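To start, the structure itself, in C-alpha cells.
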Amino acid sequence: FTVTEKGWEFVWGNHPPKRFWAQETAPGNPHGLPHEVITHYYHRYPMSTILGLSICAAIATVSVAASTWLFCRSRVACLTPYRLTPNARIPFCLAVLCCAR
Amino acid sequence: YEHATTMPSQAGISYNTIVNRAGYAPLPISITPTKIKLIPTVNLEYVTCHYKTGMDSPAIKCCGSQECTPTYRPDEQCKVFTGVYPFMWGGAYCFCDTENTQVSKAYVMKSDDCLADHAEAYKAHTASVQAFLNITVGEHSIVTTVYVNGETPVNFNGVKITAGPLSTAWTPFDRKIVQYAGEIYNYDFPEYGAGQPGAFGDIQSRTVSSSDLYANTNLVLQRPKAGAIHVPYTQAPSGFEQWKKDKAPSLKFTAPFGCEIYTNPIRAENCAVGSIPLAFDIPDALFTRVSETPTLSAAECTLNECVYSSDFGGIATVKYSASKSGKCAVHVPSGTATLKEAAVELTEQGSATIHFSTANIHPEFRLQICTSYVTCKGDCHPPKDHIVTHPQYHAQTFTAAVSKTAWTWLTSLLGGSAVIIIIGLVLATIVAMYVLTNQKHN
Amino acid sequence: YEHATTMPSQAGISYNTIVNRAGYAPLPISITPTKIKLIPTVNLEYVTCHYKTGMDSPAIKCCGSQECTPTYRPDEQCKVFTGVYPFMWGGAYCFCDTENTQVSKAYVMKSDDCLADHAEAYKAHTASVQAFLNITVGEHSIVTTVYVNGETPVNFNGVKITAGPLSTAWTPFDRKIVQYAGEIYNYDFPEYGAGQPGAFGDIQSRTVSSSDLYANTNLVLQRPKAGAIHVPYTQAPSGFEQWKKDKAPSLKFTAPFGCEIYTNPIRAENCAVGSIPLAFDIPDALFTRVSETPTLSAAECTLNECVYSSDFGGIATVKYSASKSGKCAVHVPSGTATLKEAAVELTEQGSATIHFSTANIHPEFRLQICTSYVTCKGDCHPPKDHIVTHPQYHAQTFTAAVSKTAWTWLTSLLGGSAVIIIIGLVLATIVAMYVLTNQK
C-alpha cells in the first residue's frame with residue numbers, strides 16, 4: 001500500500017484499527033552532487049520537479065540563444081562598415097576583439 | 001480585548017498562542033481539542049426485519065362451497081379450491097368424491113425477533129458540530145463542551161469565548177441512512193409504500209410497535225397436493241436477509257477524512273477537515289503590567305538537536321539574564337516552528353531548554369520569549385523512521401525544504417542567465433552608439 | 001403513464017383536470033386541498049420565566065466575627081456587615097454596642113409558577129410541507145395526508161401519485177422563535193449564557209426541570225437598617241415581565257400570505273404562496289375504450305348568463321344529441337374560464353347546464369365535452385358587490401378585460417399610423433422613380 005502524509009488505516013479481522021502516517025525521509029542527499037539532489041526532490045516532490053526543470057531549461061535556452069543572437073548582430077554591425085570599404089583595412093583592436101581576419 | 005484567531009480541526013494536538021497588548025505583559029492562551037462530534041438532524045421513517053408468512057388453517061366443507069371473506073391483513077391472499085379429497089390421520093375426511101372445497105388463506109406478519117433484530121431507515125440533513133475543548137487562558141483552565149456555531153459562548157472568569165462555525169459544510173452522512181446493529185450505512189432505501197419484493201424494505205413498519213405494516217412480498221397461493229391438508233404458497237425471499245448478504249461495508253470503514261461513526265446518537269468523530277475560528281472577549285483585568293513579570297537582557301539562542309521529524313524533534317537552548325525568577329510565555333510568531341510548552345519558568349542567570357517541531361531543513365525563526373525576540377538558527381537532519389503512528393505536529397510551509405545547495409543552483413542557473421542577457425543588451429547598445437558615432441563623420 | 005401537472009397552493013378551491021389519451025376515453029381527475037401545513041425543524045435551547053430572589057436568614061454572632069461560605073447558588077451574593085445592633089420582638093438580641101456581625105445571603109431561583117407560565121426559546125430551520133388532499137381519479141375517491149417532498153407516494157387502486165416540492169422555500173418563521181401561551185414570535189433572543197438583566201432571558205434554564213439555571217439579574221446586597229433583622233437587596237426587575245409588556249404582536253397577526261400560526265407542534269397553515277407540482281403514474285387498466293362511453297354528435301354551446309365576478313357567475317347551455325346516456329367529463333383546456341363541476345350526466349337528447357367562472361368581458365373559450373369540442377362565445381357583465389368574502393376562483397390573464405371597443409380604438413390608433421407611413425414610403429419611392437424617369 002501507499003501511505004502518504006495525510007494518513008492510512010487498516011483493520012485485520014478482529015484487531016483494532018491501526019493508523020499510520022508517512023514522514024518525509026526521501027532517498028538521496030539534498031546537500032551536494034547535483035544528480036543526487038534531483039533524485040531527492042523527485043522522490044520528494046514529483047510533480048513540481050519536472051515543471052521546475054522544464055522552466056529553468058527553457059529560460060536558460062532562451063537566454064543563451066538570445067545572447068548569442070545579440071552578440072552576432074553586434075559583431076555584424078561592427079564589422080560591416082569596415083567590410084564595404086574596397087581596401088578593407090580593419091584596425092587591430094577590433095581584429096582582436098571581434099575576431100576578424 | 002477582542003482577540004480573534006484560528007484553530008485547525010484536529011483532535012489530540014494542543015494549540016498554543018499568546019496575546020500581546022502593546023504595553024503590558026503577554027497573556028498565553030492554550031486550547032487542546034479532545035473530541036469533536038458531528039450530529040446530524042436525524043428523522044426516522046420506518047424499520048424493517050424478517051417477515052413471517054402466517055397461514056390460517058384450511059376451511060374444509062364436504063359437498064358444499066365456501067367463500068372468500070377478507071380480513072385486510074398485509075398482503076392477505078385468499079383462494080378457494082374445488083375438487084379436494086383430503087386425508088387426516090384417522091382416515092379420509094369427506095365421503096363426497098367431488099364438490100368439496102378447501103380455502104387457503106395466507107398473510108404476511110413480521111417476525112418474532114423484530115424487536116432486537118431490525119434496521120432503522122432514517123433521513124439526515126443539516127448537521128451540528130460540538131467539541132470538547134480544554135481551554136487555558138492565563139493559567140486558568142476549564143474543560144467544557146463548547147458548541148461551534150457562531151454563538152453560544154463559554155464563560156469562565158469573565159472571559160467570553162465564541163468558537164465560530166466550521167469552514168466546511170461537509171458531512172459523511174448522506175440524505176438517507178440505514179442503521180443496523182450499531183453500524184450505519186449510506187443506503188438509498190425506498191420510501192414508505194414503495195417497498196419492493198425481494199429487496200430492502202419489502203416489510204415497512206412505521207415504528208417498532210406501529211401495528212400497521214406495509215408488505216409487498218410477492219405472495220401467491222398454490223393448489224394443495226391431492227390428499228393433503230396444507231396451505232402451499234410461493235413468495236420472494238426475505239429482502240432484509242438479501243440486504244444482509246450483500247451489505248457494502250459500513251461507514252465506519254469507508255468514511256473520508258478518517259471519521260469514527262458511532263451509534264446511540266448517530267454522530268461522526270474526529271473528522272480532520274475544516275478549521276474552527278475563535279473569538280476571545282477578554283476583560284481588561286487579566287492584562288498584567290510589564291514590570292510584574294520577568295524581562296530578559298542579553299539573551300542568546302542555540303540549537304542542540306534538530307531533526308525535522310513529525311513530533312518535537314528539535315531542541316533550542318536559550319542562555320538568558322533577567323532580574324526576576326518567574327515564568328513567562330514562549331511563542332514562535334511564524335508557523336516555522338511549533339513549540340511544545342507554552343511557558344518557561346526562569347531563574348535569574350540559568351538556561352532554558354525548549355522543544356520545537358519543524359519541517360525545515362535550514363530553520364531560521366525568531367523566538368519570542370518573555371517580551372523579547374531572539375533568533376534561533378540551525379540545520380535540521382532527516383529522521384530515522386519512514387512511517388510513524390501519530391499525526392504531524394507542524395505545518396508544511398511552501399518552500400520549506402529547499403536546501404541551500406539547491407538555492408545556489410537556482411540562483412546561478414536562473415539569475416546568471418539574466419546577467420548574460422543584460423551584458424548582451426549593454427554590448428548591443430554600445431555597438432549601436434559606436435556605429436552612430438562612426439557615421440557622424442560624413 | 002406519466003401525467004405531469006401543477007396545482008396552485010391554496011386550500012379549499014377544487015382543482016379539476018382530465019387525461020386525454022389519444023384513442024381511449026378521457027379520464028377525469030379532481031384534487032381539492034383541504035389543509036396545507038408547513039412545519040419547521042424546531043430545537044429547544046432554553047426556557048425562561050419570572051424569577052424569585054431567594055434569601056437566607058441572617059447569621060448573627062454576638063461580639064465575634066463571621067465569614068462567607070459559598071453555596072454556589074445562581075447569582076449568589078454574600079456580603080458581611082459589621083457594627084450591628086439587631087432586634088427581636090423580645091428586646092435586643094445581642095448585648096454589645098459594636099462588634100456584632102450579620103451575614104446576608106441572597107440568590108436567584110426560578111419561580112414556583114414556572115411549569116404553567118414560561119417562554120420556550122426555539123430555533124427553526126428547514127421546513128417540511130405536508131398537505132391533506134382529497135383525490136378523485138376516475139370515480140375512485142380517497143382522503144389521505146400527503147407529504148409534498150418529491151417522493152413518498154400515495155397509493156390507491158394502483159395509481160401512484162407523488163406531490164412534488166414547493167416552488168418556494170418561504171417560511172413565516174425566522175431563525176429564532178419564542179413560544180408563549182399558544183402564540184409564536186420571531187424574536188432574537190440572547191444565547192444561553194448571554195443573558196442580560198432587565199431583558200428577556202436573564203433567567204435561562206435549559207429545560208423546564210433542568211435543575212441548573214443561568215441567572216444574570218444584577219443582584220446587589222445592601223446594608224440593613226439599624227435595629228432590624230432583614231436582608232435588603234437591590235436588583236434589576238424581571239425581564240420576562242418587561243418582555244410581556246413590550247410584546248409586538250404574534251405571528252398569527254403579522255405573517256404575510258395569509259398564514260395561520262398554530263402550535264400543537266409549531267406550524268403554519270394555509271399560506272397562499274407557491275404551487276404544488278403533481279406526478280401521476282396511471283396504469284394501463286383504467287383506460288376504457290371510447291365505444292363503451294357516450295359520444296356526442298351535433299353539440300352546440302350558448303351562454304345564458306355571464307358575469308365576470310369572482311365566483312361561478314356564468315351559465316352555458318349545451319344542446320346535444322347523444323349516442324348513449326351516461327356521465328362523461330367536461331373540461332376547459334385553457335385558464336380562460338374555470339368550470340364548476342368535473343362531470344355531467346347525460347340523457348340522449350337533452351340539454352346540459354354548466355357553471356363556469358371567467359374574468360373575460362368577451363369570453364371565447366372552447367369547451368371539451370365527452371370527446372368533442374364546442375365553442376362557447378358571448379359577453380359578460382359587471383357584478384354588483386364591490387367586496388366579497390371568498391377568494392378568486394379563476395385566473396388573471398393578461399389582456400383579459402379589453403372590452404372590444406377598446407380593441408377598435410387601439411387598432412385604429414396603432415394601425416392607421418402604420419398605413420400612413422407605408423403609403424408615405426411608397427409615395428417617396430414612386431417620386432424617386434419619376435425623377436429618374438424625367439432625367440432622361
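By order of appearance in the C-alpha cells: chains A, B, ..., then residues from 1 within every chain, and ligands from 1 in the order shown.
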
Would you list which chain C residues are within 7 Å of chain B using only C-alpha atoms, as an mmCIF file with C-alpha atoms, in the first residue's frame?
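Heads up, here's the output in out_15.cif:
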```cif
data_model
loop_
_atom_site.group_PDB
_atom_site.id
_atom_site.type_symbol
_atom_site.label_atom_id
_atom_site.label_comp_id
_atom_site.auth_asym_id
_atom_site.auth_seq_id
_atom_site.Cartn_x
_atom_site.Cartn_y
_atom_site.Cartn_z
ATOM 1 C CA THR C 152 -43.312 9.432 -0.507
ATOM 2 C CA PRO C 153 -46.148 8.413 -2.836
ATOM 3 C CA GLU C 191 -27.913 32.829 23.588
ATOM 4 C CA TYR C 192 -27.622 30.611 26.627
ATOM 5 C CA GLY C 193 -25.116 32.172 28.972
#
```

Exercise. Looking only at helix (DSSP H, G or I) from DSSP on the backbone, list the matching residues of chain A as a PyMOL selection string.
Key: chain A and resi 35-44+46-82+92-97

Output N, CA and C atoms of each residue in that selection to a file, as a compact mmCIF listing (two decimals), in the first residue's frame.
```txt
# COMPACT_ATOMS: atom_id res chain seq x y z
N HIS A 35 23.23 15.49 -9.26
CA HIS A 35 22.32 14.42 -9.65
C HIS A 35 21.71 13.72 -8.44
N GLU A 36 22.23 13.95 -7.24
CA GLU A 36 21.62 13.41 -6.03
C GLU A 36 20.50 14.27 -5.49
N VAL A 37 20.58 15.60 -5.65
CA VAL A 37 19.50 16.45 -5.19
C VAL A 37 18.28 16.31 -6.09
N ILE A 38 18.49 15.96 -7.36
CA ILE A 38 17.36 15.85 -8.27
C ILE A 38 16.58 14.57 -8.01
N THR A 39 17.27 13.47 -7.68
CA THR A 39 16.56 12.27 -7.27
C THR A 39 15.85 12.46 -5.93
N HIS A 40 16.44 13.25 -5.04
CA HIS A 40 15.82 13.53 -3.75
C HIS A 40 14.54 14.34 -3.92
N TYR A 41 14.59 15.41 -4.70
CA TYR A 41 13.38 16.19 -4.94
C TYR A 41 12.47 15.57 -5.99
N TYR A 42 12.88 14.49 -6.64
CA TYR A 42 11.96 13.76 -7.49
C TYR A 42 11.17 12.73 -6.71
N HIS A 43 11.82 12.02 -5.79
CA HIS A 43 11.06 11.16 -4.89
C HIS A 43 10.30 11.96 -3.85
N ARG A 44 10.73 13.19 -3.57
CA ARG A 44 10.08 14.05 -2.59
C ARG A 44 8.87 14.75 -3.19
N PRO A 46 7.33 15.06 -6.78
CA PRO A 46 7.49 14.58 -8.16
C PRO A 46 6.94 15.53 -9.21
N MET A 47 5.77 16.12 -8.97
CA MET A 47 5.14 16.96 -9.99
C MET A 47 5.87 18.29 -10.14
N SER A 48 6.30 18.88 -9.02
CA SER A 48 6.93 20.20 -9.07
C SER A 48 8.32 20.17 -9.69
N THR A 49 9.03 19.04 -9.57
CA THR A 49 10.41 18.97 -10.03
C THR A 49 10.50 19.03 -11.55
N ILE A 50 9.59 18.34 -12.25
CA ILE A 50 9.64 18.32 -13.70
C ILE A 50 9.24 19.67 -14.28
N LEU A 51 8.27 20.34 -13.65
CA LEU A 51 7.91 21.70 -14.06
C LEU A 51 9.04 22.69 -13.80
N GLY A 52 9.72 22.56 -12.66
CA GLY A 52 10.82 23.46 -12.36
C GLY A 52 12.00 23.27 -13.30
N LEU A 53 12.35 22.02 -13.59
CA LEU A 53 13.44 21.76 -14.53
C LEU A 53 13.06 22.16 -15.94
N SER A 54 11.79 22.01 -16.32
CA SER A 54 11.34 22.44 -17.64
C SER A 54 11.43 23.96 -17.79
N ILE A 55 10.98 24.71 -16.79
CA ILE A 55 11.02 26.16 -16.95
C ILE A 55 12.44 26.69 -16.80
N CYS A 56 13.29 26.04 -15.99
CA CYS A 56 14.67 26.51 -15.88
C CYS A 56 15.47 26.19 -17.14
N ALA A 57 15.22 25.02 -17.75
CA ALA A 57 15.86 24.70 -19.02
C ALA A 57 15.37 25.62 -20.14
N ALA A 58 14.08 25.96 -20.13
CA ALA A 58 13.54 26.85 -21.15
C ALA A 58 14.11 28.26 -21.02
N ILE A 59 14.21 28.79 -19.80
CA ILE A 59 14.75 30.13 -19.61
C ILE A 59 16.25 30.16 -19.92
N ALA A 60 16.98 29.09 -19.57
CA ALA A 60 18.41 29.04 -19.89
C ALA A 60 18.64 28.94 -21.39
N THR A 61 17.82 28.17 -22.10
CA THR A 61 17.95 28.03 -23.54
C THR A 61 17.62 29.34 -24.26
N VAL A 62 16.53 30.00 -23.85
CA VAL A 62 16.14 31.28 -24.44
C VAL A 62 17.20 32.34 -24.16
N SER A 63 17.80 32.32 -22.97
CA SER A 63 18.79 33.33 -22.62
C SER A 63 20.09 33.14 -23.39
N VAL A 64 20.59 31.90 -23.48
CA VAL A 64 21.81 31.64 -24.24
C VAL A 64 21.59 31.92 -25.73
N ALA A 65 20.42 31.55 -26.26
CA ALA A 65 20.12 31.79 -27.67
C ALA A 65 20.01 33.28 -27.98
N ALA A 66 19.32 34.04 -27.13
CA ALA A 66 19.17 35.47 -27.39
C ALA A 66 20.46 36.23 -27.17
N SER A 67 21.31 35.77 -26.26
CA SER A 67 22.60 36.43 -26.07
C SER A 67 23.53 36.17 -27.25
N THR A 68 23.54 34.94 -27.77
CA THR A 68 24.31 34.64 -28.97
C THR A 68 23.79 35.42 -30.17
N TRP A 69 22.47 35.58 -30.25
CA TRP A 69 21.84 36.36 -31.30
C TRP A 69 22.26 37.83 -31.25
N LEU A 70 22.21 38.43 -30.06
CA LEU A 70 22.59 39.84 -29.91
C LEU A 70 24.08 40.04 -30.14
N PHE A 71 24.92 39.10 -29.70
CA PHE A 71 26.36 39.24 -29.91
C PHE A 71 26.72 39.11 -31.38
N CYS A 72 26.07 38.19 -32.11
CA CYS A 72 26.37 38.05 -33.53
C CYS A 72 25.85 39.25 -34.32
N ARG A 73 24.70 39.80 -33.93
CA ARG A 73 24.22 41.01 -34.59
C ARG A 73 25.13 42.21 -34.31
N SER A 74 25.68 42.30 -33.10
CA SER A 74 26.58 43.41 -32.81
C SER A 74 27.93 43.24 -33.49
N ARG A 75 28.40 42.00 -33.64
CA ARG A 75 29.63 41.77 -34.41
C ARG A 75 29.43 42.12 -35.88
N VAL A 76 28.27 41.78 -36.44
CA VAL A 76 27.96 42.15 -37.82
C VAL A 76 27.87 43.67 -37.97
N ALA A 77 27.22 44.34 -37.02
CA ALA A 77 27.09 45.79 -37.09
C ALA A 77 28.42 46.50 -36.88
N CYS A 78 29.37 45.88 -36.17
CA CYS A 78 30.71 46.46 -36.10
C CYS A 78 31.49 46.25 -37.38
N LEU A 79 31.52 45.01 -37.89
CA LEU A 79 32.46 44.70 -38.96
C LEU A 79 31.95 45.08 -40.34
N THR A 80 30.65 45.30 -40.52
CA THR A 80 30.12 45.67 -41.83
C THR A 80 30.59 47.03 -42.36
N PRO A 81 30.69 48.13 -41.57
CA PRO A 81 31.27 49.36 -42.14
C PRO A 81 32.76 49.28 -42.45
N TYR A 82 33.46 48.23 -42.05
CA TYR A 82 34.84 48.04 -42.45
C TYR A 82 35.02 46.92 -43.46
N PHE A 92 43.43 47.00 -35.62
CA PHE A 92 43.97 45.85 -34.90
C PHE A 92 43.15 45.51 -33.66
N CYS A 93 42.66 46.53 -32.95
CA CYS A 93 41.90 46.29 -31.72
C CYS A 93 40.57 45.61 -32.02
N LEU A 94 39.87 46.05 -33.06
CA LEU A 94 38.65 45.36 -33.47
C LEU A 94 38.95 44.02 -34.12
N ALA A 95 40.18 43.80 -34.59
CA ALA A 95 40.53 42.49 -35.11
C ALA A 95 40.70 41.49 -33.97
N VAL A 96 41.26 41.94 -32.85
CA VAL A 96 41.41 41.04 -31.70
C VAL A 96 40.06 40.85 -31.00
N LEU A 97 39.28 41.92 -30.85
CA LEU A 97 38.00 41.81 -30.15
C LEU A 97 36.97 41.04 -30.97
```

8 Å contact set for region 234-247 of chain C, only C-alpha atoms, chain neighbours under 4 positions out, as an mmCIF file with N, CA, C and O atoms, in the first residue's frame:
```cif
data_model
loop_
_atom_site.group_PDB
_atom_site.id
_atom_site.type_symbol
_atom_site.label_atom_id
_atom_site.label_comp_id
_atom_site.auth_asym_id
_atom_site.auth_seq_id
_atom_site.Cartn_x
_atom_site.Cartn_y
_atom_site.Cartn_z
ATOM 1 N N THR C 48 -37.451 30.371 29.779
ATOM 2 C CA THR C 48 -37.319 31.475 30.715
ATOM 3 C C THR C 48 -38.658 31.702 31.391
ATOM 4 O O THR C 48 -39.697 31.259 30.910
ATOM 5 N N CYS C 49 -38.622 32.401 32.517
ATOM 6 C CA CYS C 49 -39.811 32.654 33.322
ATOM 7 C C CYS C 49 -39.526 33.837 34.237
ATOM 8 O O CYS C 49 -38.462 34.457 34.164
ATOM 9 N N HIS C 50 -40.491 34.159 35.094
ATOM 10 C CA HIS C 50 -40.235 35.110 36.162
ATOM 11 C C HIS C 50 -39.274 34.489 37.158
ATOM 12 O O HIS C 50 -39.232 33.272 37.321
ATOM 13 N N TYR C 51 -38.508 35.318 37.844
ATOM 14 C CA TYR C 51 -37.642 34.727 38.844
ATOM 15 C C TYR C 51 -38.158 34.999 40.240
ATOM 16 O O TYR C 51 -39.225 35.580 40.449
ATOM 17 N N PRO C 197 -29.489 41.412 32.405
ATOM 18 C CA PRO C 197 -30.575 41.683 33.347
ATOM 19 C C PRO C 197 -31.532 42.730 32.816
ATOM 20 O O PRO C 197 -31.184 43.563 31.979
ATOM 21 N N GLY C 198 -32.774 42.647 33.283
ATOM 22 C CA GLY C 198 -33.821 43.540 32.854
ATOM 23 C C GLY C 198 -34.358 43.298 31.466
ATOM 24 O O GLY C 198 -35.227 44.052 31.022
ATOM 25 N N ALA C 199 -33.887 42.271 30.773
ATOM 26 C CA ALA C 199 -34.340 41.937 29.435
ATOM 27 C C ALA C 199 -34.714 40.468 29.407
ATOM 28 O O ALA C 199 -34.666 39.777 30.423
ATOM 29 N N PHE C 200 -35.094 39.999 28.225
ATOM 30 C CA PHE C 200 -35.510 38.618 28.039
ATOM 31 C C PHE C 200 -34.335 37.686 28.281
ATOM 32 O O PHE C 200 -33.221 37.942 27.821
ATOM 33 N N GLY C 201 -34.575 36.609 29.015
ATOM 34 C CA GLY C 201 -33.523 35.647 29.223
ATOM 35 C C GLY C 201 -32.486 36.028 30.243
ATOM 36 O O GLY C 201 -31.348 35.576 30.142
ATOM 37 N N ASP C 202 -32.835 36.849 31.230
ATOM 38 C CA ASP C 202 -31.987 36.989 32.407
ATOM 39 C C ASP C 202 -32.014 35.740 33.270
ATOM 40 O O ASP C 202 -31.098 35.529 34.069
ATOM 41 N N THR C 217 -29.039 38.721 36.990
ATOM 42 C CA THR C 217 -30.146 39.605 37.330
ATOM 43 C C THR C 217 -29.709 40.902 37.998
ATOM 44 O O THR C 217 -30.577 41.658 38.442
ATOM 45 N N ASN C 218 -28.396 41.158 38.087
ATOM 46 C CA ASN C 218 -27.811 42.371 38.681
ATOM 47 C C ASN C 218 -28.208 42.511 40.151
ATOM 48 O O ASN C 218 -28.585 43.584 40.616
ATOM 49 N N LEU C 219 -28.114 41.411 40.885
ATOM 50 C CA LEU C 219 -28.440 41.386 42.302
ATOM 51 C C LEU C 219 -27.305 41.990 43.117
ATOM 52 O O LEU C 219 -26.149 41.592 42.973
ATOM 53 N N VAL C 220 -27.632 42.971 43.956
ATOM 54 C CA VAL C 220 -26.676 43.642 44.830
ATOM 55 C C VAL C 220 -27.265 43.670 46.233
ATOM 56 O O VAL C 220 -28.444 43.996 46.401
ATOM 57 N N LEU C 221 -26.462 43.306 47.232
ATOM 58 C CA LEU C 221 -26.879 43.349 48.628
ATOM 59 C C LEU C 221 -26.617 44.717 49.244
ATOM 60 O O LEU C 221 -25.574 45.329 49.007
ATOM 61 N N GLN C 222 -27.554 45.177 50.067
ATOM 62 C CA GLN C 222 -27.449 46.466 50.732
ATOM 63 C C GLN C 222 -27.271 46.266 52.228
ATOM 64 O O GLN C 222 -27.396 45.158 52.746
#
```

Quiz item: What lies within 12 Å of residue 147 (chain B) using only C-alpha atoms, ignoring chain neighbours under 6 positions off, as JSON, numbers by chain?
Solution: {"B": [35, 36, 37, 38, 39, 128, 129, 130, 131, 132, 133, 153, 154, 161, 162, 163, 164, 165, 166, 276, 278], "C": [191, 192]}

Writer output for current selection, N, CA and C atoms, as a tab-separated table (two decimals), in the first residue's frame:
```tsv
chain	number	residue	atom	x	y	z
B	35	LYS	N	-12.46	15.93	21.69
B	35	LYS	CA	-13.43	15.10	20.99
B	35	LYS	C	-14.38	16.02	20.26
B	36	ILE	N	-14.42	15.91	18.93
B	36	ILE	CA	-15.14	16.84	18.08
B	36	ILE	C	-16.21	16.05	17.35
B	37	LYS	N	-17.47	16.19	17.76
B	37	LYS	CA	-18.55	15.40	17.19
B	37	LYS	C	-19.19	16.12	16.00
B	38	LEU	N	-20.14	15.43	15.37
B	38	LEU	CA	-20.88	15.98	14.23
B	38	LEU	C	-22.21	15.24	14.19
B	39	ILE	N	-23.27	15.87	14.69
B	39	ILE	CA	-24.51	15.16	14.96
B	39	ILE	C	-25.57	15.68	13.99
B	128	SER	N	-24.67	19.32	13.09
B	128	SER	CA	-24.41	20.21	14.21
B	128	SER	C	-23.11	19.79	14.88
B	129	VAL	N	-22.14	20.68	14.88
B	129	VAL	CA	-20.80	20.33	15.33
B	129	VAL	C	-20.65	20.79	16.77
B	130	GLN	N	-19.91	20.02	17.55
B	130	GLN	CA	-19.91	20.15	19.01
B	130	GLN	C	-18.63	19.53	19.53
B	131	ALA	N	-17.79	20.32	20.18
B	131	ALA	CA	-16.47	19.86	20.57
B	131	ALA	C	-16.31	19.86	22.08
B	132	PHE	N	-15.34	19.07	22.56
B	132	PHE	CA	-14.99	19.03	23.98
B	132	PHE	C	-13.63	19.70	24.10
B	133	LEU	N	-13.64	21.02	24.22
B	133	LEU	CA	-12.40	21.77	24.34
B	133	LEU	C	-11.84	21.71	25.76
B	153	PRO	N	-21.75	31.12	23.80
B	153	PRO	CA	-20.41	31.29	24.35
B	153	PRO	C	-20.15	30.40	25.56
B	154	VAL	N	-18.87	30.12	25.77
B	154	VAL	CA	-18.41	29.55	27.03
B	154	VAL	C	-17.83	30.67	27.87
B	161	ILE	N	-15.67	33.28	25.27
B	161	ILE	CA	-15.10	32.62	24.10
B	161	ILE	C	-16.22	32.09	23.23
B	162	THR	N	-16.24	32.52	21.97
B	162	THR	CA	-17.21	32.07	20.98
B	162	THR	C	-16.47	31.42	19.83
B	163	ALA	N	-16.52	30.09	19.76
B	163	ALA	CA	-15.83	29.34	18.72
B	163	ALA	C	-16.75	29.24	17.51
B	164	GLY	N	-16.41	29.96	16.43
B	164	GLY	CA	-17.31	30.15	15.34
B	164	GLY	C	-17.47	28.92	14.47
B	165	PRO	N	-18.22	29.06	13.38
B	165	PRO	CA	-18.63	27.89	12.60
B	165	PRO	C	-17.49	27.32	11.78
B	166	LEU	N	-17.65	26.06	11.41
B	166	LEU	CA	-16.64	25.38	10.61
B	166	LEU	C	-16.55	25.98	9.22
B	276	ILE	N	-11.62	25.66	12.94
B	276	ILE	CA	-12.50	26.37	13.86
B	276	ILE	C	-11.93	27.77	14.08
B	278	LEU	N	-12.11	31.40	16.27
B	278	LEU	CA	-12.28	31.66	17.68
B	278	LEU	C	-12.41	33.16	17.91
C	191	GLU	N	-28.32	34.22	23.46
C	191	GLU	CA	-27.91	32.83	23.59
C	191	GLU	C	-27.81	32.43	25.05
C	192	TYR	N	-27.70	31.13	25.27
C	192	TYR	CA	-27.62	30.61	26.63
C	192	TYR	C	-26.28	30.98	27.22
```

Quiz item: Which of these, A:13, A:91, A:32, A:86, has the shortest distance to chain B once you count only C-alpha atoms?
Solution: A:32

List as JSON lines every residue of chain B that is in contact with chain A, defined as an atom at most 6 Å from one of its atoms (using only C-alpha atoms), together with the nearest atom pair and the distance in Å rounded to one decimal, sorted by chain and then rising number.
```
{"residue": "B:386", "atom": "CA", "partner": "A:23", "partner_atom": "CA", "distance": 5.8}
{"residue": "B:387", "atom": "CA", "partner": "A:22", "partner_atom": "CA", "distance": 4.6}
{"residue": "B:388", "atom": "CA", "partner": "A:21", "partner_atom": "CA", "distance": 5.3}
{"residue": "B:389", "atom": "CA", "partner": "A:20", "partner_atom": "CA", "distance": 4.8}
{"residue": "B:405", "atom": "CA", "partner": "A:31", "partner_atom": "CA", "distance": 5.9}
{"residue": "B:417", "atom": "CA", "partner": "A:63", "partner_atom": "CA", "distance": 5.8}
{"residue": "B:421", "atom": "CA", "partner": "A:67", "partner_atom": "CA", "distance": 5.6}
{"residue": "B:424", "atom": "CA", "partner": "A:67", "partner_atom": "CA", "distance": 5.5}
{"residue": "B:428", "atom": "CA", "partner": "A:74", "partner_atom": "CA", "distance": 5.6}
```
